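Shown here: target.cif, mmCIF, N, CA and C atoms.
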data_work
#
loop_
_atom_site.label_atom_id
_atom_site.label_comp_id
_atom_site.auth_asym_id
_atom_site.auth_seq_id
_atom_site.Cartn_x
_atom_site.Cartn_y
_atom_site.Cartn_z
N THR A 71 31.11 -66.12 -71.70
CA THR A 71 29.97 -66.79 -72.29
C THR A 71 29.62 -68.03 -71.47
N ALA A 72 28.34 -68.39 -71.51
CA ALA A 72 27.81 -69.61 -70.91
C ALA A 72 26.51 -69.93 -71.64
N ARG A 73 26.28 -71.22 -71.91
CA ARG A 73 25.16 -71.60 -72.77
C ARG A 73 24.64 -72.97 -72.35
N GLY A 74 23.59 -72.98 -71.53
CA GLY A 74 22.82 -74.19 -71.34
C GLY A 74 21.53 -73.94 -70.58
N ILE A 75 20.41 -74.32 -71.19
CA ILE A 75 19.10 -74.22 -70.57
C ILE A 75 18.34 -75.51 -70.87
N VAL A 76 19.03 -76.46 -71.49
CA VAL A 76 18.41 -77.66 -72.06
C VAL A 76 17.77 -78.51 -70.97
N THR A 77 18.06 -78.19 -69.71
CA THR A 77 17.52 -78.97 -68.61
C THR A 77 16.05 -78.70 -68.34
N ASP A 78 15.36 -77.97 -69.22
CA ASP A 78 13.98 -77.58 -68.95
C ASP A 78 13.08 -78.80 -68.80
N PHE A 79 12.90 -79.56 -69.88
CA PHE A 79 12.00 -80.70 -69.79
C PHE A 79 12.69 -81.88 -69.13
N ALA A 80 14.01 -81.79 -68.91
CA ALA A 80 14.66 -82.71 -68.00
C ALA A 80 14.13 -82.54 -66.58
N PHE A 81 14.01 -81.29 -66.13
CA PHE A 81 13.29 -81.02 -64.89
C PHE A 81 11.83 -81.43 -65.00
N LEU A 82 11.22 -81.21 -66.17
CA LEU A 82 9.85 -81.63 -66.38
C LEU A 82 9.70 -83.15 -66.50
N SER A 83 10.79 -83.90 -66.58
CA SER A 83 10.67 -85.35 -66.69
C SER A 83 11.67 -86.06 -65.79
N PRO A 84 11.24 -86.56 -64.63
CA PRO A 84 12.16 -87.33 -63.77
C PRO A 84 12.71 -88.58 -64.42
N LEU A 85 11.91 -89.27 -65.24
CA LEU A 85 12.40 -90.47 -65.91
C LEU A 85 13.54 -90.16 -66.87
N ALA A 86 13.46 -89.03 -67.57
CA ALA A 86 14.56 -88.63 -68.44
C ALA A 86 15.83 -88.40 -67.63
N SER A 87 15.71 -87.79 -66.46
CA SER A 87 16.88 -87.60 -65.60
C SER A 87 17.46 -88.93 -65.15
N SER A 88 16.60 -89.87 -64.77
CA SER A 88 17.08 -91.18 -64.35
C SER A 88 17.79 -91.90 -65.49
N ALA A 89 17.21 -91.85 -66.69
CA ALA A 89 17.84 -92.48 -67.84
C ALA A 89 19.17 -91.81 -68.17
N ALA A 90 19.24 -90.49 -68.04
CA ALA A 90 20.50 -89.79 -68.27
C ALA A 90 21.56 -90.20 -67.26
N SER A 91 21.16 -90.37 -66.00
CA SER A 91 22.11 -90.83 -64.99
C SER A 91 22.61 -92.23 -65.30
N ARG A 92 21.70 -93.13 -65.72
CA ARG A 92 22.13 -94.47 -66.09
C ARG A 92 23.06 -94.44 -67.29
N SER A 93 22.76 -93.59 -68.27
CA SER A 93 23.64 -93.46 -69.43
C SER A 93 25.01 -92.95 -69.02
N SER A 94 25.06 -91.98 -68.10
CA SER A 94 26.34 -91.48 -67.62
C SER A 94 27.13 -92.57 -66.92
N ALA A 95 26.47 -93.36 -66.08
CA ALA A 95 27.16 -94.44 -65.38
C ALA A 95 27.69 -95.48 -66.37
N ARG A 96 26.88 -95.84 -67.36
CA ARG A 96 27.32 -96.81 -68.35
C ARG A 96 28.47 -96.26 -69.18
N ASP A 97 28.42 -94.98 -69.54
CA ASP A 97 29.52 -94.37 -70.28
C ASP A 97 30.79 -94.37 -69.45
N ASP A 98 30.69 -94.04 -68.16
CA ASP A 98 31.85 -94.10 -67.29
C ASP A 98 32.44 -95.50 -67.27
N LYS A 99 31.60 -96.51 -67.04
CA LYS A 99 32.08 -97.88 -67.00
C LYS A 99 32.78 -98.25 -68.30
N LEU A 100 32.09 -98.04 -69.43
CA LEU A 100 32.65 -98.42 -70.72
C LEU A 100 33.97 -97.73 -70.97
N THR A 101 33.97 -96.39 -70.94
CA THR A 101 35.18 -95.64 -71.25
C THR A 101 36.33 -96.03 -70.33
N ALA A 102 36.12 -95.91 -69.02
CA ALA A 102 37.22 -96.14 -68.08
C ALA A 102 37.74 -97.56 -68.19
N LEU A 103 36.85 -98.55 -68.10
CA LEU A 103 37.30 -99.93 -68.09
C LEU A 103 37.96 -100.31 -69.40
N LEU A 104 37.37 -99.92 -70.53
CA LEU A 104 37.95 -100.30 -71.81
C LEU A 104 39.30 -99.64 -72.02
N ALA A 105 39.43 -98.36 -71.67
CA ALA A 105 40.72 -97.69 -71.82
C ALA A 105 41.78 -98.35 -70.94
N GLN A 106 41.43 -98.62 -69.68
CA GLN A 106 42.38 -99.24 -68.77
C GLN A 106 42.78 -100.62 -69.26
N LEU A 107 41.81 -101.42 -69.69
CA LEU A 107 42.11 -102.77 -70.14
C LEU A 107 42.96 -102.75 -71.41
N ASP A 108 42.68 -101.82 -72.33
CA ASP A 108 43.49 -101.74 -73.54
C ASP A 108 44.92 -101.34 -73.22
N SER A 109 45.11 -100.34 -72.37
CA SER A 109 46.46 -99.94 -72.01
C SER A 109 47.19 -101.08 -71.30
N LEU A 110 46.50 -101.78 -70.40
CA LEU A 110 47.13 -102.88 -69.69
C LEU A 110 47.50 -104.01 -70.64
N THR A 111 46.62 -104.34 -71.59
CA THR A 111 46.94 -105.39 -72.54
C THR A 111 48.12 -105.00 -73.41
N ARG A 112 48.18 -103.75 -73.85
CA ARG A 112 49.33 -103.29 -74.61
C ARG A 112 50.61 -103.46 -73.81
N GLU A 113 50.60 -103.00 -72.56
CA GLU A 113 51.79 -103.08 -71.74
C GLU A 113 52.19 -104.53 -71.50
N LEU A 114 51.21 -105.39 -71.23
CA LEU A 114 51.51 -106.79 -70.99
C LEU A 114 52.09 -107.46 -72.23
N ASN A 115 51.54 -107.14 -73.41
CA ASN A 115 52.09 -107.71 -74.63
C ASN A 115 53.53 -107.27 -74.84
N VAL A 116 53.81 -105.98 -74.66
CA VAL A 116 55.18 -105.50 -74.88
C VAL A 116 56.13 -106.15 -73.89
N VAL A 117 55.74 -106.21 -72.62
CA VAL A 117 56.61 -106.79 -71.60
C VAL A 117 56.82 -108.27 -71.87
N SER A 118 55.77 -108.99 -72.27
CA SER A 118 55.92 -110.41 -72.55
C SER A 118 56.85 -110.64 -73.72
N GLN A 119 56.74 -109.82 -74.77
CA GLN A 119 57.63 -109.98 -75.91
C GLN A 119 59.08 -109.75 -75.51
N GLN A 120 59.32 -108.67 -74.76
CA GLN A 120 60.69 -108.41 -74.31
C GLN A 120 61.19 -109.52 -73.41
N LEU A 121 60.32 -110.05 -72.56
CA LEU A 121 60.71 -111.12 -71.65
C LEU A 121 61.08 -112.38 -72.41
N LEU A 122 60.31 -112.71 -73.44
CA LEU A 122 60.63 -113.87 -74.25
C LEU A 122 61.98 -113.70 -74.95
N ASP A 123 62.23 -112.51 -75.49
CA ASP A 123 63.51 -112.28 -76.15
C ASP A 123 64.67 -112.41 -75.16
N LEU A 124 64.51 -111.82 -73.97
CA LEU A 124 65.56 -111.93 -72.96
C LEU A 124 65.77 -113.37 -72.54
N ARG A 125 64.69 -114.13 -72.42
CA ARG A 125 64.81 -115.53 -72.05
C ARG A 125 65.59 -116.29 -73.11
N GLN A 126 65.33 -116.00 -74.38
CA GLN A 126 66.10 -116.64 -75.45
C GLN A 126 67.58 -116.30 -75.33
N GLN A 127 67.89 -115.03 -75.08
CA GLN A 127 69.29 -114.64 -74.96
C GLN A 127 69.96 -115.34 -73.78
N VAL A 128 69.26 -115.44 -72.66
CA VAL A 128 69.83 -116.10 -71.49
C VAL A 128 70.05 -117.58 -71.77
N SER A 129 69.11 -118.21 -72.47
CA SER A 129 69.30 -119.62 -72.82
C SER A 129 70.54 -119.80 -73.69
N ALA A 130 70.71 -118.91 -74.67
CA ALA A 130 71.91 -118.99 -75.51
C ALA A 130 73.17 -118.82 -74.68
N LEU A 131 73.19 -117.84 -73.78
CA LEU A 131 74.38 -117.62 -72.97
C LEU A 131 74.67 -118.82 -72.09
N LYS A 132 73.64 -119.43 -71.51
CA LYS A 132 73.85 -120.63 -70.71
C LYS A 132 74.44 -121.74 -71.56
N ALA A 133 73.93 -121.92 -72.78
CA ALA A 133 74.44 -122.97 -73.63
C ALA A 133 75.86 -122.71 -74.11
N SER A 134 76.31 -121.45 -74.13
CA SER A 134 77.62 -121.13 -74.67
C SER A 134 78.71 -121.05 -73.61
N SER A 135 78.62 -121.82 -72.54
CA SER A 135 79.68 -121.87 -71.54
C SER A 135 79.58 -123.18 -70.76
N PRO A 136 79.89 -124.31 -71.39
CA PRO A 136 79.51 -125.62 -70.83
C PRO A 136 80.48 -126.07 -69.76
N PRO A 137 80.23 -125.71 -68.49
CA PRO A 137 81.21 -125.91 -67.43
C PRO A 137 81.54 -127.39 -67.23
N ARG B 802 24.41 -54.73 -82.19
CA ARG B 802 23.40 -54.66 -81.14
C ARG B 802 24.09 -54.45 -79.81
N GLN B 803 23.29 -54.23 -78.77
CA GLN B 803 23.80 -54.09 -77.42
C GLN B 803 23.02 -55.00 -76.49
N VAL B 804 23.69 -55.48 -75.45
CA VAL B 804 23.10 -56.37 -74.47
C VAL B 804 23.47 -55.87 -73.08
N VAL B 805 22.91 -56.53 -72.07
CA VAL B 805 23.17 -56.15 -70.69
C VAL B 805 24.61 -56.44 -70.33
N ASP B 806 25.29 -55.46 -69.76
CA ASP B 806 26.67 -55.61 -69.32
C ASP B 806 26.65 -56.12 -67.89
N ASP B 807 26.78 -57.44 -67.72
CA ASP B 807 26.60 -58.05 -66.41
C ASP B 807 27.64 -57.55 -65.41
N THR B 808 28.86 -57.32 -65.87
CA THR B 808 29.89 -56.85 -64.94
C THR B 808 29.58 -55.46 -64.43
N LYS B 809 29.29 -54.51 -65.32
CA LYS B 809 29.15 -53.12 -64.93
C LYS B 809 27.78 -52.78 -64.36
N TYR B 810 26.75 -53.55 -64.67
CA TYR B 810 25.43 -53.27 -64.12
C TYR B 810 25.42 -53.65 -62.65
N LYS B 811 24.83 -52.80 -61.82
CA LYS B 811 24.87 -53.03 -60.38
C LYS B 811 23.97 -54.19 -59.98
N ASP B 812 22.77 -54.26 -60.55
CA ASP B 812 21.76 -55.23 -60.12
C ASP B 812 21.53 -56.32 -61.15
N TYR B 813 22.58 -56.79 -61.82
CA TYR B 813 22.42 -57.81 -62.84
C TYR B 813 21.96 -59.11 -62.21
N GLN B 814 21.10 -59.83 -62.93
CA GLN B 814 20.60 -61.13 -62.49
C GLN B 814 20.47 -62.02 -63.71
N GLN B 815 21.38 -62.98 -63.85
CA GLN B 815 21.31 -63.91 -64.97
C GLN B 815 20.10 -64.81 -64.79
N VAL B 816 19.04 -64.52 -65.53
CA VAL B 816 17.77 -65.23 -65.40
C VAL B 816 17.65 -66.19 -66.57
N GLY B 817 17.48 -67.47 -66.27
CA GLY B 817 17.27 -68.47 -67.29
C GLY B 817 15.88 -68.37 -67.89
N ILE B 818 15.67 -69.17 -68.94
CA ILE B 818 14.38 -69.18 -69.62
C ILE B 818 13.29 -69.64 -68.68
N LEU B 819 13.59 -70.58 -67.79
CA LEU B 819 12.57 -71.17 -66.94
C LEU B 819 11.87 -70.14 -66.05
N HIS B 820 12.50 -69.00 -65.79
CA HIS B 820 11.95 -68.03 -64.86
C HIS B 820 11.78 -66.64 -65.45
N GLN B 821 11.47 -66.53 -66.74
CA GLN B 821 11.15 -65.25 -67.35
C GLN B 821 9.65 -65.18 -67.61
N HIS B 822 9.00 -64.33 -66.82
CA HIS B 822 7.58 -64.12 -66.99
C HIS B 822 7.18 -62.85 -67.70
N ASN B 823 6.92 -62.92 -68.99
CA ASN B 823 6.46 -61.78 -69.71
C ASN B 823 5.24 -62.31 -70.29
N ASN B 824 4.28 -61.46 -70.51
CA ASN B 824 3.07 -61.86 -71.13
C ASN B 824 2.47 -62.94 -70.34
N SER B 825 2.65 -62.86 -69.07
CA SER B 825 2.18 -63.91 -68.26
C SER B 825 0.73 -63.92 -68.31
N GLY B 826 0.15 -65.02 -67.94
CA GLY B 826 -1.29 -65.12 -68.02
C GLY B 826 -1.85 -64.97 -69.41
N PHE B 827 -1.02 -65.02 -70.44
CA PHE B 827 -1.51 -64.94 -71.81
C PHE B 827 -0.79 -65.90 -72.76
N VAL B 828 0.20 -66.64 -72.28
CA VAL B 828 0.95 -67.57 -73.11
C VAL B 828 1.29 -68.79 -72.27
N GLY B 829 1.23 -69.96 -72.89
CA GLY B 829 1.59 -71.18 -72.19
C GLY B 829 3.03 -71.17 -71.72
N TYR B 830 3.31 -72.06 -70.77
CA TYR B 830 4.61 -72.13 -70.13
C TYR B 830 5.56 -72.93 -71.01
N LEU B 831 6.49 -72.24 -71.65
CA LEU B 831 7.61 -72.87 -72.36
C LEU B 831 7.14 -73.78 -73.49
N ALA B 832 5.91 -73.61 -73.94
CA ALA B 832 5.40 -74.46 -75.00
C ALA B 832 4.21 -73.80 -75.68
N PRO B 833 4.05 -73.96 -76.98
CA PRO B 833 2.91 -73.33 -77.66
C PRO B 833 1.58 -73.96 -77.30
N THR B 834 1.28 -74.02 -76.01
CA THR B 834 0.01 -74.52 -75.51
C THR B 834 -0.95 -73.35 -75.33
N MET B 835 -2.07 -73.61 -74.65
CA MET B 835 -3.02 -72.55 -74.39
C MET B 835 -2.50 -71.62 -73.29
N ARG B 836 -3.18 -70.49 -73.13
CA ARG B 836 -2.75 -69.50 -72.16
C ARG B 836 -2.90 -70.02 -70.74
N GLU B 837 -2.02 -69.56 -69.86
CA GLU B 837 -2.08 -69.92 -68.45
C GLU B 837 -1.33 -68.87 -67.66
N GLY B 838 -1.57 -68.86 -66.36
CA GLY B 838 -0.91 -67.93 -65.47
C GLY B 838 -1.76 -66.72 -65.17
N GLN B 839 -1.13 -65.73 -64.55
CA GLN B 839 -1.78 -64.49 -64.18
C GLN B 839 -1.00 -63.31 -64.73
N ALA B 840 -1.71 -62.20 -64.92
CA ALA B 840 -1.05 -60.98 -65.37
C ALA B 840 -0.06 -60.50 -64.32
N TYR B 841 1.06 -59.97 -64.78
CA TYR B 841 2.11 -59.53 -63.86
C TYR B 841 3.13 -58.68 -64.60
N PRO B 842 3.79 -57.80 -63.84
CA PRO B 842 4.79 -57.08 -64.56
C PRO B 842 5.80 -58.05 -64.95
N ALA B 843 6.74 -57.66 -65.77
CA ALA B 843 7.64 -58.65 -66.27
C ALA B 843 9.06 -58.50 -65.95
N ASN B 844 9.78 -59.58 -66.13
CA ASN B 844 11.14 -59.55 -65.83
C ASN B 844 12.14 -59.55 -66.91
N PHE B 845 11.91 -60.24 -67.99
CA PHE B 845 13.00 -60.39 -68.96
C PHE B 845 13.64 -59.47 -69.88
N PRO B 846 12.87 -58.78 -70.60
CA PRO B 846 13.71 -58.02 -71.48
C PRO B 846 14.27 -56.95 -70.68
N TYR B 847 15.58 -56.79 -70.61
CA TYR B 847 16.14 -55.80 -69.70
C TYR B 847 16.11 -54.56 -70.47
N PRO B 848 15.61 -53.50 -69.92
CA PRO B 848 15.48 -52.34 -70.77
C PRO B 848 16.76 -51.74 -71.18
N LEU B 849 16.89 -51.28 -72.41
CA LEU B 849 18.08 -50.58 -72.83
C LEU B 849 17.75 -49.21 -73.33
N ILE B 850 16.50 -48.77 -73.21
CA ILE B 850 16.01 -47.49 -73.69
C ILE B 850 15.17 -46.84 -72.60
N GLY B 851 15.29 -45.53 -72.46
CA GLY B 851 14.53 -44.78 -71.49
C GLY B 851 15.41 -44.27 -70.37
#
Whole structure, structure tokens version:
Amino acid sequence: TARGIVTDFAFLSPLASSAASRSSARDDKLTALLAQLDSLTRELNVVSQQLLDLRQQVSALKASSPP
Amino acid sequence: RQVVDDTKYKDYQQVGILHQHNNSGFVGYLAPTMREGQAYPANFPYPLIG
């Protein structure tokens, strides 16, 4: 099966094609950038939280051996 | 119903709506407008009888 002929008046309208291309570019930008930024922010938050906890543990260990 | 068997037919041609001329010269192009074009044999309905 295959189903698409909707490009009829798209061919009949160059402006519609240009607007569709702009919409595709904007969708690419939005989707890709937002997904990447969200994943990066999640990873950075998790790593920062773990780093803070490890820093606390190291501070405690340093304090518990007063040379 | 039955349709054209594209695999088994020797001369199959997947023709989109944009290029099916039937009733040419008597019906507007892809829209219920006034008649346009010239008379011509037709391409689309692939015969299944005869």
- If you run DSSP on the backbone, which residues of chain A are helix (DSSP H, G or I), as a VMD selection string? chain A and resid 78 to 81 84 to 133
- Query: Given a cut-off of 8 Å, which residues of chain B touch chain A, counting all atoms listed in the file, written out as a list in words?
  - Reply: residues 817, 818 and 819 of chain B
Hey, can you spit out that residue selection with N, CA and C atoms as a compact mmCIF listing (two decimals), keeping the file's coordinate frame?
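The resulting again33.txt:
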# COMPACT_ATOMS: atom_id res chain seq x y z
N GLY B 817 17.48 -67.47 -66.27
CA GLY B 817 17.27 -68.47 -67.29
C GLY B 817 15.88 -68.37 -67.89
N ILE B 818 15.67 -69.17 -68.94
CA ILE B 818 14.38 -69.18 -69.62
C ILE B 818 13.29 -69.64 -68.68
N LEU B 819 13.59 -70.58 -67.79
CA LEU B 819 12.57 -71.17 -66.94
C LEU B 819 11.87 -70.14 -66.05
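You will find atom N of residue 841 in chain B at 9.3 Å from atom N of residue 822 in chain B.
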- Between atom C of residue 83 in chain A and atom C of residue 846 in chain B - distance in Å to one decimal: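 Between atom C of residue 846 in chain B and atom C of residue 83 in chain A the gap is 29.6 Å.
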- Message: Please determine, counting only C-alpha atoms, which residue among B:807, B:840, B:845, B:850 has the shortest atom-to-atom distance to residue 824 in chain B.
- Response: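 The closest residue to residue 824 in chain B is B:840.
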- CA of residue 80 in chain A to CA of residue 825 in chain B, straight-line distance in Å: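 So the two atoms, CA of residue 825 in chain B and CA of residue 80 in chain A, lie 22.6 Å apart.
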- Message: For this structure, which residues satisfy the selection - the PyMOL selection byres (((chain B and resi 837 and name CA) around 8) and name CA) - when it is evaluated on the file as given? I want them as an MDAnalysis selection string.
- Response: chainID B and resid 825:830 835:836 838:839
Let's have the selection written as a short mmCIF file (atom, residue, chain, number, x, y, z; two decimals), keeping the file's coordinate frame, with N, CA and C atoms.
data_model
loop_
_atom_site.label_atom_id
_atom_site.label_comp_id
_atom_site.auth_asym_id
_atom_site.auth_seq_id
_atom_site.Cartn_x
_atom_site.Cartn_y
_atom_site.Cartn_z
N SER B 825 2.65 -62.86 -69.07
CA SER B 825 2.18 -63.91 -68.26
C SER B 825 0.73 -63.92 -68.31
N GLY B 826 0.15 -65.02 -67.94
CA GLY B 826 -1.29 -65.12 -68.02
C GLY B 826 -1.85 -64.97 -69.41
N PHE B 827 -1.02 -65.02 -70.44
CA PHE B 827 -1.51 -64.94 -71.81
C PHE B 827 -0.79 -65.90 -72.76
N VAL B 828 0.20 -66.64 -72.28
CA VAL B 828 0.95 -67.57 -73.11
C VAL B 828 1.29 -68.79 -72.27
N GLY B 829 1.23 -69.96 -72.89
CA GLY B 829 1.59 -71.18 -72.19
C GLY B 829 3.03 -71.17 -71.72
N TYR B 830 3.31 -72.06 -70.77
CA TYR B 830 4.61 -72.13 -70.13
C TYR B 830 5.56 -72.93 -71.01
N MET B 835 -2.07 -73.61 -74.65
CA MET B 835 -3.02 -72.55 -74.39
C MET B 835 -2.50 -71.62 -73.29
N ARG B 836 -3.18 -70.49 -73.13
CA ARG B 836 -2.75 -69.50 -72.16
C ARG B 836 -2.90 -70.02 -70.74
N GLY B 838 -1.57 -68.86 -66.36
CA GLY B 838 -0.91 -67.93 -65.47
C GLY B 838 -1.76 -66.72 -65.17
N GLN B 839 -1.13 -65.73 -64.55
CA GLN B 839 -1.78 -64.49 -64.18
C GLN B 839 -1.00 -63.31 -64.73
#
